[PDB]
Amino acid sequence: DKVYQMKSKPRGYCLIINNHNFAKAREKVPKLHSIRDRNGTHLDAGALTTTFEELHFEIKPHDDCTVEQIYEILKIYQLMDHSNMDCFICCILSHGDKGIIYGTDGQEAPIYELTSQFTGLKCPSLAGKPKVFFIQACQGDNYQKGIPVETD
């Protein structure tokens, strides 16, 4: 089996966008009048930091980001030189809806608009290298139902 090269030290950047405070959304976006703050989200940022530092990544945390701020951070990394890296990771911790994540301001960012900043054309120094995005957000307001199965 072919395996991606993964020998650099650090392996690459691991961005963490950690959205807690949604007061701006509650104030500005009528339908989001009751969107809640994401209490506990720092426990995920910390877990990802521990995990990915152990795996030799350079962690770059950013707390409480509006959509425009998220695009700015991504633009910085898209323009960066990743030639000496073997991988790039971006973790987003936020609210969301179908196909989107919310900024703290309640504006929407389609997921594809985030990942597409790192295509081989837009970020040539990551061409041929794995780009990993972890998105911890809702994708709508429905509860997924359960189905009964036999125990393994």
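Residue numbers here begin at 1 and follow the sequence given.
**Student:** Give the stretch, out of 31 to 39 and 53 to 61, with the larger mean C-alpha temperature factor in the deposited entry.
**Tutor:** According to the entry, 31 to 39 carries the higher average C-alpha B-factor.
**Student:** Give the stretch, out of 104 to 112 and 89 to 97, with the larger mean C-alpha temperature factor in the deposited entry.
**Tutor:** Averaging CA B-factors over each stretch, the winner is 104 to 112.
**Student:** Quick one: which of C138, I16, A23, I135 shows the highest Cα temperature factor in the PDB entry?
**Tutor:** The C-alpha B-factor peaks, among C138, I16, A23, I135, at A23.
**Student:** Can you work out whether the C-alpha temperature factor of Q69 puts it in the lowest, middle or highest third of the chain?
**Tutor:** It falls in the top third of the chain.
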